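Student: experimental structure and sequence below.
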Amino acid sequence: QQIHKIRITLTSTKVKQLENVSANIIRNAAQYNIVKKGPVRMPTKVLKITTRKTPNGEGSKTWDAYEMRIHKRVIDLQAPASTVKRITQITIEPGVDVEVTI
Amino acid sequence: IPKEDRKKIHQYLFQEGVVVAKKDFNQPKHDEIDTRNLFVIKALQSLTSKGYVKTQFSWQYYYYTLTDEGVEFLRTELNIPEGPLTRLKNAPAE
Amino acid sequence: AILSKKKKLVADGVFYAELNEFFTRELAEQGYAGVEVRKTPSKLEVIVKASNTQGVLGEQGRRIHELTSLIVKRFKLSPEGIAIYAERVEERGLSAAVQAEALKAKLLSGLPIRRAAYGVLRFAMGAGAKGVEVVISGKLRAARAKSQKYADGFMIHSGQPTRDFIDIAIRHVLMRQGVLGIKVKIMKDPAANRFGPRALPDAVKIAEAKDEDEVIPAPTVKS
Amino acid sequence: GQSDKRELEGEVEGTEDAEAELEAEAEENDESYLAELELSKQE
Amino acid sequence: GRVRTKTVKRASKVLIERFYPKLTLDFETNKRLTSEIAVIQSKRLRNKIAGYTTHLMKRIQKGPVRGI
RNA sequence: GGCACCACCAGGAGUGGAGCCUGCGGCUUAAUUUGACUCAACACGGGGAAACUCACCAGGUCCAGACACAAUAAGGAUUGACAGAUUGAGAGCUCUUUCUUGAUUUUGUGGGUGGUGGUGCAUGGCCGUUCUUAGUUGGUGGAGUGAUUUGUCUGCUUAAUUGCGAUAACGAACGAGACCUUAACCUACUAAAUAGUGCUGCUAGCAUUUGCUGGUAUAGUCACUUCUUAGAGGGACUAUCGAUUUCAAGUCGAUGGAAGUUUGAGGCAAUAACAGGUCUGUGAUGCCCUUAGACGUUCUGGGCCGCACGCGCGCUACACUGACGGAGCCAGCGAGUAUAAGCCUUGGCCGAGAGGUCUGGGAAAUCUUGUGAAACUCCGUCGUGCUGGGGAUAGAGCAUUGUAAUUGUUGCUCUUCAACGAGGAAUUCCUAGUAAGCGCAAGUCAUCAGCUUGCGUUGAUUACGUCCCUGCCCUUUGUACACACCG
Ligand SMILES: [Mg+2]
Ligand SMILES: [Mg+2]
Ligand SMILES: [Mg+2]
Ligand SMILES: [Mg+2]
Ligand SMILES: [Mg+2]
Ligand SMILES: [Mg+2]
Ligand SMILES: [Mg+2]
Ligand SMILES: [Mg+2]
Ligand SMILES: [Mg+2]
Ligand SMILES: [Mg+2]
Ligand SMILES: [Mg+2]
Ligand SMILES: [Mg+2]
Ligand SMILES: [Mg+2]
Ligand SMILES: [Mg+2]
Ligand SMILES: [Mg+2]
Ligand SMILES: [Mg+2]
Ligand SMILES: [Mg+2]
Ligand SMILES: [Mg+2]
Ligand SMILES: [Mg+2]
Ligand SMILES: [Mg+2]
Ligand SMILES: [Mg+2]
Ligand SMILES: [Mg+2]
Ligand SMILES: [Mg+2]
Ligand SMILES: [Mg+2]
Ligand SMILES: [Mg+2]
Ligand SMILES: [Mg+2]
Ligand SMILES: [Mg+2]
Ligand SMILES: [Mg+2]
Ligand SMILES: [Mg+2]
Ligand SMILES: [Mg+2]
Ligand SMILES: [Mg+2]
Ligand SMILES: [Mg+2]
Ligand SMILES: [Mg+2]
Ligand SMILES: [Mg+2]
Ligand SMILES: [Mg+2]
Ligand SMILES: [Mg+2]
Ligand SMILES: [Mg+2]
Ligand SMILES: [Mg+2]
Ligand SMILES: [Mg+2]
Ligand SMILES: [Mg+2]
Ligand SMILES: [Mg+2]
Ligand SMILES: [Mg+2]
Ligand SMILES: [Mg+2]
Ligand SMILES: [Mg+2]
Ligand SMILES: [Mg+2]
Ligand SMILES: [Mg+2]
């Protein structure tokens, strides 16, 4: 249990914090001589819901089209498990959730 | 309500003096008072009916909180020592 | 348990939507503005913004302690896994939620509408809002219902900037004869925005002429 | 306020309400035994 | 149609009255100049302003223009 | 005067004619719950109802009537109940029957509470419409005693009150435009074993020339980012050149360009207003009604589908530019689960099919999935025939879902094979990847899509104009209207 090929999966609704956390981890993976792969832009998923505007059933048939964009990024690191987890606390952001899988 | 099942409803609304109950009358177990869920709603409907708990309803859920006047009521009726948890003066944070 | 990415981000949103309305119903009298859910390792930080942080944190913080317990028992959370903080809103005049809740507490006291409406028009502008418009609709002693708009200053209506520089709050007011609906639209000044754009899209700021110097024929200044 | 009055005394009365509250509110900011044990002591 | 609006027509002619010596008859040069002269919120408006400024500059060399 | 394919011209596809699907009226009904009636009611209430949904009908239970009292009450106020009768029912619902529990509770008073009960003509919110048309507003100045007016306009131009220009106006604000999302370009950056490729290991088939097609490859511990994904940017601004024009706003042609119709498409969208629609979305609501033989809620069964009829949104077709039968074989938008109450399901094996069964993958750029879709194309049979067009109606049989399929949920097999031979008066939608075909996914969803919301495949004819019809806007005008012609 030392240096491992470690995956960090980043998902969020907003891209600004996602790229800040993504860039901040890459920055910290640069000055620390740790070989890295990423970030990998996964195809963004558009969660779309189309309802009727009318609470009743009167009027012109008009529809809303709501959206919820989900952006997912995965970064591969070659470092011991203690190092990667403390990097996560360095780049903790309320919007972006992090899952780490070996 | 049987007196014994009524009792468990009273030592949950005291010691954690707040109670949450989902609005389904036929639920076998409210997952926190080992009695019928309907009993919890109607037992606490009397307590809020007699000014011992505030009741709030939001998204098909009951939020029961114990009044300061209600601590005294369970002080005597339960025959408990004169010594719940949300009143333990844990103090907030700044 | 195992929940998909699509179904997990939606669940966080649904949890926020239900939690936000819970505070609006419970802390209506304290000018509740909004809630911020700051997830963190080993803790669930929740920041509530209210006009009065004494009603939430009263009698040795009994209510906030007894209010966080209602959330652990409803969302099956560990008792240590959540922490709630009450924070005062810095600029109460710029929050339409506070202004709408404040107006309702005045309308329910029998205060006249004109006196109540102008109390939020001047309070919003006094805080520095670029514009504000208040619409109150319902029935007042008269059988027929009516609506009245009270504008002031500058207001934008169309396009994206209304989503950036305008916040809105609608509440229903329970009167003895029916329901009163109030809408408080407040446009904040874009120069003070700290996260989004700091000006309107069509605002063009031309610099000043730096010219009108005197030119000398052809020397060389050495160094 | 369907009169020339009570809106006169709605603005001057309304505006002095805010002026009293902006200063008051701008001052408000500038100066800013257990139980389960008793159920187990039956030994 | 391609009728420019007033937010681009009046803002472009203020530039000529203020920075005529630095302007030119080339859109590409004008486009870069107006990014350091004016604070334009959107890229699309920046090219639109410089594209009409170029038209006015191209028109000034043929005679006097109204509004400048 | 002006604008507009919810107007017309030139046209395209049609609808109205047939069968069927579905909605509305009517009739019928035990009930066939109900809202909506020009645009802006009638595949609309996300309303594709077997139960539930459900509000309707015929019946049967429960209080889940809190709380202050008063009465009753331990010598028991009351709750549950085997067996038989009763009941549709193994509802102690009720009746014979004596057992059990024990002040929770039974009766009256007030007071509640719950209602898909009434009132959308008492209301909030939301939505539709006038209208996405281009309109609306104040400061100073001018006119008027005033309410008011000019600014906000003859003309040209624009999609546009948007601009040029004329100008007792000048300079502005909302709306428009800007803005935001999406689609099209980047061999220029940033990377990608959940994307792809060339090489390279290893490996197959065919001619042997070293070539051509593959498989394999999560250690070849390779190389690269063109194709794929998405973040930071760049790129179009009518750019340059010709014409016309008040030489102005602009417009039309070329050239370059990925893009020159606002680059294509949308989202948002002003000042007021309507008795527009919803209290059948709300633990949103005022009032009225009801509240224990309920109008609450629940259980059983039926109905919302009911059929001499009129109307609307649609789907199949009337054939040969076609039907079948083989063969070729290409998308995009998307969705997907756990001790559940069961998701997407490949692969193998059965079965003519429908479908069944055993394993495995996938909480997903990884697997379903390249969703190998349909039109389409090739080769054949058919040969103008109510024919191999069309597939209603119906008989017999086989499976799936579901407690439950009868009034056939749906699917499959054989058989029956009806009107319809291009549709009167009328009338709808539409200008470029558009119309039209053609399918696929998502929503409803245990099952059922002839429906919507999107997506992609093939892909045109004809204007790029006008006010002739129709609708709306503006100006002038009349007015005995201002609750504003529903006067
Ligand atoms: Mg604007
Ligand atoms: Mg706009
Ligand atoms: Mg028509
Ligand atoms: Mg025609
Ligand atoms: Mg025709
Ligand atoms: Mg047809
Ligand atoms: Mg039913
Ligand atoms: Mg029923
Ligand atoms: Mg019925
Ligand atoms: Mg009912
Ligand atoms: Mg109405
Ligand atoms: Mg209304
Ligand atoms: Mg004036
Ligand atoms: Mg004046
Ligand atoms: Mg005067
Ligand atoms: Mg005027
Ligand atoms: Mg204008
Ligand atoms: Mg504007
Ligand atoms: Mg690999
Ligand atoms: Mg190879
Ligand atoms: Mg556009
Ligand atoms: Mg009406
Ligand atoms: Mg009502
Ligand atoms: Mg209702
Ligand atoms: Mg409603
Ligand atoms: Mg009601
Ligand atoms: Mg209701
Ligand atoms: Mg309904
Ligand atoms: Mg009943
Ligand atoms: Mg029906
Ligand atoms: Mg029938
Ligand atoms: Mg029937
Ligand atoms: Mg339709
Ligand atoms: Mg229709
Ligand atoms: Mg064939
Ligand atoms: Mg064929
Ligand atoms: Mg796939
Ligand atoms: Mg035949
Ligand atoms: Mg046939
Ligand atoms: Mg048949
Ligand atoms: Mg017509
Ligand atoms: Mg059905
Ligand atoms: Mg479906
Ligand atoms: Mg439908
Ligand atoms: Mg006309
Ligand atoms: Mg007149």
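Tutor: Ah, there it is. Numbering: from 1, shown residues only, chains lettered A, B, ... in the order given. Ligands and ions are numbered 1, 2, ... in the order given.

Student: so what's residue C:98 up against?
Tutor: C:31, C:33, C:51, C:89, C:92 (Cβ atoms under 8 Å, 6 or more residues apart in numbering or on different chains). For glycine as for every other residue, the C-beta is placed from the backbone atoms N, C-alpha and C.

Student: not including adjacent chain positions, what is the nearest residue to the third one?
Tutor: With Cβ to Cβ, 6 or more residues apart in numbering or on different chains as the criterion, residue C:51 has its nearest non-adjacent residue at 2.8 Å, and that residue is residue C:31.

Student: for chain E, which residue gets nearest to chain B?
Tutor: residue E:41 (40.3 Å; Cβ to the nearest Cβ).

Student: which one of the contacts of residue C:98 is nearest chain A?
Tutor: residue C:33 (18.2 Å).

Student: quick one: which helix or strand includes the closest one?
Tutor: Using DSSP states H and E, residue C:33 sits within strand C:32-40.

Student: and that strand, which strands flank it?
Tutor: strand C:43-50 (antiparallel) (DSSP bridges).

Student: if you count contacts, what does the helix or strand just after the strand it pairs with end up packed against?
Tutor: Sequence order places helix C:62-72 as the next helix or strand after strand C:43-50, per DSSP H and E. Packing partners of helix C:62-72 (3 or more Cβ pairs under 8 Å, 6 or more residues apart in numbering or on different chains; DSSP states H and E): strand B:18-22, strand B:61-66, strand C:83-88.

Student: does any part of helix C:62-72 sit near RNA strand F?
Tutor: No: counting by Cβ under 7 Å from any atom of the strand, RNA strand F has no neighbours in helix C:62-72; the shortest distance is 14.7 Å.

Student: around the residue of chain E closest to chain B, how many other residues sit close by?
Tutor: 18 (other Cβ atoms under 10 Å in any protein chain shown).

Student: so it makes contact with residue C:198?
Tutor: No: using Cβ atoms under 8 Å, residue E:41 makes no contact with residue C:198, being 9.1 Å away.

Student: can you map out the strands along chain E?
Tutor: Remark: strands assigned in chain E by DSSP state E are E:38-39.

Student: which residues of it fall in helices?
Tutor: Along chain E, counting by DSSP state H, helices occupy E:6-19, E:27-37, E:43-60.

Student: please apply the same query to chain A.
Tutor: Assigned by DSSP H, chain A shows helices spanning A:15-31, A:81-90.

Student: can you add mean neighbour count and distance to residue A:2 and give those back as TSV?
Tutor: Converted to TSV, the helices of chain A look like this (neighbours: other Cβ atoms under 10 Å in any protein chain shown; distance: least, Cβ to Cβ, whole Å):
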stretch	mean neighbour count	distance to residue A:2
helix A:15-31	16	17
helix A:81-90	14	8
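
Student: closest one to residue E:32 among those helices?
Tutor: Among the helices of chain A, helix A:15-31 comes nearest to residue E:32, with 27.5 Å by Cβ to Cβ.

Student: that closest one versus helix A:81-90: what angle between them?
Tutor: 140 degrees (axes from the mean of the first three to the mean of the last three Cα atoms, to 10 degrees).

Student: how far off centre is helix A:15-31?
Tutor: With Cα atoms, centre = their mean, to the nearest Å as the basis, helix A:15-31 stands 11 Å off its chain's centre.

Student: what's the burial count for residue 12?
Tutor: By default, I'm working from chain A. Residues near residue A:12, counting by other Cβ under 10 Å, number 22.

Student: hmm, I had chain D in mind actually
Tutor: 12.

Student: so who does it touch?
Tutor: Taking Cβ under 8 Å, 6+ apart, one finds nothing in contact with residue D:12.

Student: SS state for it?
Tutor: helix (DSSP: H, G, I helix; E, B strand; the rest coil).

Student: and the residue in chain C that RNA strand F sits nearest to, bridged to which residues?
Tutor: For chain C, the residue closest to RNA strand F is residue C:181, as judged by Cβ to the nearest atom of the strand, at 1.6 Å. Beta-bridge pairing of residue C:181 under DSSP bridges involves residue C:137, residue C:172.

Student: does it touch residue C:137 like I think?
Tutor: Yes: counting by Cβ under 8 Å, residue C:181 touches residue C:137, with 4.5 Å between them.

Student: grab the nearest non-local neighbour of residue 28.
Tutor: Answering for chain A, as no chain was given. That would be residue A:87: by Cβ to Cβ, 6+ apart, it lies 5.7 Å from residue A:28.

Student: chain C, not that one
Tutor: In space, and not counting its chain neighbours, residue C:28 is closest to residue C:101: 6.1 Å by Cβ to Cβ, 6+ apart.

Student: and the one you found, how many residues sit next to it?
Tutor: 25.

Student: and what of the one 3 residues further on?
Tutor: Counted with other Cβ under 10 Å, the neighbours of residue C:104 add up to 19.

Student: so it touches residue C:181, yeah?
Tutor: No: Residue C:104 is not in contact with residue C:181 according to Cβ under 8 Å; the separation is 10.5 Å.

Student: list the contacts of the residue nearest to residue A:28.
Tutor: Going by Cβ under 8 Å, 6+ apart, residue A:87 touches A:25, A:28-29.

Student: distance of it relative to chain D?
Tutor: Between residue A:87 and chain D the computed distance is 37 Å (Cβ to the nearest Cβ, to the nearest Å).

Student: returning to what we had before: rebuild the helices of chain A as JSON lines, extending it with distance to residue E:16.
Tutor: Below are the helices of chain A laid out as JSON lines (distance: least, Cβ to Cβ, whole Å):
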{"stretch": "helix A:15-31", "distance to residue E:16": "38"}
{"stretch": "helix A:81-90", "distance to residue E:16": "52"}
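
Student: which secondary structure state does residue C:14 sit in?
Tutor: When the rule is three-state DSSP, residue C:14 gets the label helix.

Student: and the residue of chain D found nearest chain A, which of the three is it?
Tutor: Nearest residue of chain D to chain A, counting by Cβ to the nearest Cβ: residue D:32, 25.6 Å away. The three-state label given to residue D:32 by three-state DSSP is coil.

Student: next, count neighbours for it.
Tutor: So residue D:32, with other Cβ under 10 Å, has 6 neighbours.

Student: which ones are touching the nearest residue to it once chain neighbours are set aside?
Tutor: Leaving out its chain neighbours, the residue that sits closest to residue D:32 by Cβ to Cβ, 6+ apart is residue C:88, at 7.5 Å. Listed by Cβ under 8 Å, 6+ apart, the contact partners of residue C:88 are C:49-51, C:53, D:29, D:32.

Student: please report which of those has the highest neighbour count.
Tutor: Busiest of these [other Cβ under 10 Å] is residue C:50, holding 27 neighbours.

Student: double-check it against residue C:86; I have them as touching.
Tutor: Yes: between residue C:50 and residue C:86 there is a contact under Cβ under 8 Å: 6.5 Å.

Student: shared neighbours of these two, anything?
Tutor: Here residue C:50 and residue C:86 share the contacting residues residue C:56, scored by Cβ under 8 Å, 6+ apart.
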